[PDB]
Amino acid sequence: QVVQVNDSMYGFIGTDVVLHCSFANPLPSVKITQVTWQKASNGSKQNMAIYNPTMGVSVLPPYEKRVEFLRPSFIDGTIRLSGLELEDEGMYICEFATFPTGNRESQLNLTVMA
């Protein structure tokens, strides 16, 4: 019960897109430690962005000045990816690291239209 396959997003070259990732339903007994956007491709994943309720926001290249958390909370890891291009197409994983229940990862496919 780890993976939660979500929507499928369709964006456009040049325009930005809103990738969605929220946590529901939040319980007081469950504590969210981190939200982590990763891009999966060719069978290999890649760290994209991380929101930590205490450590702040981190964006990793090539996604700095591109990816921005809209409502950075522990139940919301929604991001905006700027300047879509053909290389951006692929599977995206938004993972919540929670204690003591474990990790919940949402999974969404992104297609880039021309």
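The numbering used is simple: start at 1 and walk along the sequence shown.
Stretches compared: 40-48, 27-35. Higher mean C-alpha B-factor in the entry: 40-48. Taking only CA atoms, the mean B-factor in the PDB entry is higher for 3-11 than for the other of 3-11 and 103-111. Sort the modelled residues of the chain by CA B factor and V59 lands in the middle third.
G83: CA B factor lies in the highest third for its chain, per the PDB record.
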